Amino acid sequence: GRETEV
Amino acid sequence: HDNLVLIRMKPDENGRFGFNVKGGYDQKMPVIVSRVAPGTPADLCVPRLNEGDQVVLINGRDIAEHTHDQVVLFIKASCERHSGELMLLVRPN
């Protein structure tokens, strides 16, 4: 469940 | 394909849009907007980028078979923005 702040 | 919303946004001073991405081809899940921080470009743009929105196109590119890391690199690729605005075609859910 990868999550990245952009 | 379904109801689609075209979203355009310019990054802040730190080059951030104020939104979070989840999913991708490697994650076996669609590219979904998981969070939208208050008072950020993603929150202030009209039409607004909402939580639960499925990303279909990033600067006109089909990201259906792309991985999570590739999607992030496409969002961060400033030269692919026309004209300095990140283009996102989303499917609301």
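Method information in the entry identifies X-ray crystallography as the source of the structure, with 2.0900 Å recorded as the resolution.

Enquirer: Any details on the interface of chain B and chain A? Residues and values, ideally.
Expert: Facing the 15 residues of chain B at the interface are 6 residues of chain A. Regarding the contact of chain B and chain A, the summed buried area is about 960 Å², with carbon and sulfur atoms giving 48% of it. Between chain B and chain A we count 2 salt bridges in total. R16 of chain B is the salt-bridge partner of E5 of chain A, the closest N and O atoms lying 3.8 Å from each other. Taken together, the links from chain B to chain A amount to 7 residue pairs in polar contact. Elements with a contribution of two residues or more to the side of chain B that touches chain A: β2 (19-24) and α2 (68-76) of chain B. Sort the elements by how many residues they give to the side of chain B that touches chain A and β2 of chain B lands first, with 5 residues. Residue classes in the side of chain B that touches chain A are distributed as 5 nonpolar, 7 polar and 3 charged. Two strands pair when backbone bridges link them, and strand β1 (residues 3-5) of chain A and β2 of chain B are joined in this way by 3 bridges, in the antiparallel orientation.

Reading guide: rules and limits
- Residues numbered from 1 in each chain as written, not as in the entry; some residues may be left out.
- Chains lettered and ligands numbered in written order.
- Heavy atoms only, no water.
- Residues with missing side-chain atoms left out of burial classes, pairs and counts.
- Contact = heavy atoms within 4.5 Å.
- Buried area = accessible area lost by both parts, 1.4 Å probe.
- Salt bridge = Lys/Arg side-chain N within 4 Å of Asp/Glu carboxyl O.
- Polar contact = N/O pair within 3.5 Å; in protein donor to acceptor, adjacent residues only side chain to side chain.
- Helix = DSSP H or I, 4+ residues; strand = E, 2+ residues; numbered from the N terminus.
- Nonpolar A, V, L, I, M, F, W, Y, C, P; charged D, E, K, R; others polar.
- Pairing = 2+ DSSP bridges.

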